[PDB]
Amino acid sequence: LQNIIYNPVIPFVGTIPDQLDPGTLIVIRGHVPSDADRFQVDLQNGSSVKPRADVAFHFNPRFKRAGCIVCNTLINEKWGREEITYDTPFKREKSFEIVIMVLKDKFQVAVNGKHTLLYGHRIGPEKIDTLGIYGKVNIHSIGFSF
């Protein structure tokens, strides 16, 4: 793993150190705190706050009731169709590893050593240069393989 970021402060907004070509991994190890209702990993085009940077890939675990993962894309400050994965491995007070693998046509995401979901590209992954992590989460490490 390359360009590892250790224990970043959340909210984190970092420049991804290379283009996300097919086969690239983003690996994120962390922990959901006991009072967490949600957090998010956003692959974004730039880091503008107003107007809000486009989010190619919004990966948003949610913990209310039985919980779920919501995926979407933000284009021109509008959210598109939500893709909700209900078989969620995330739990409050548990550790996790997320591996996002960028393929040509989709993202392939594995959580805790197990395939979790797919997400077809809506914005070309070549437009992504920024990783954002927000909400209630404790991130121990961010690693990249190009």
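Counting begins at 1, following the sequence as shown.
Asker: Mean CA B-factor: is it higher for 86-94 or for 55-63?
Answerer: Between 86-94 and 55-63, it is 86-94.
Asker: Averaging CA B factors per stretch from the PDB record, which one is higher: 13-21 or 131-139?
Answerer: Result: 13-21.
Asker: Can you tell me which of 44, 112, 48, 116 has the maximum CA B-factor listed in the PDB entry?
Answerer: The listed residue with the largest C-alpha B-factor is 48.
Asker: Would you please rank residue 40 by its C-alpha temperature factor against the other modelled residues of its chain and give the third it falls in: lowest, middle or highest?
Answerer: It falls in the bottom third of the chain.
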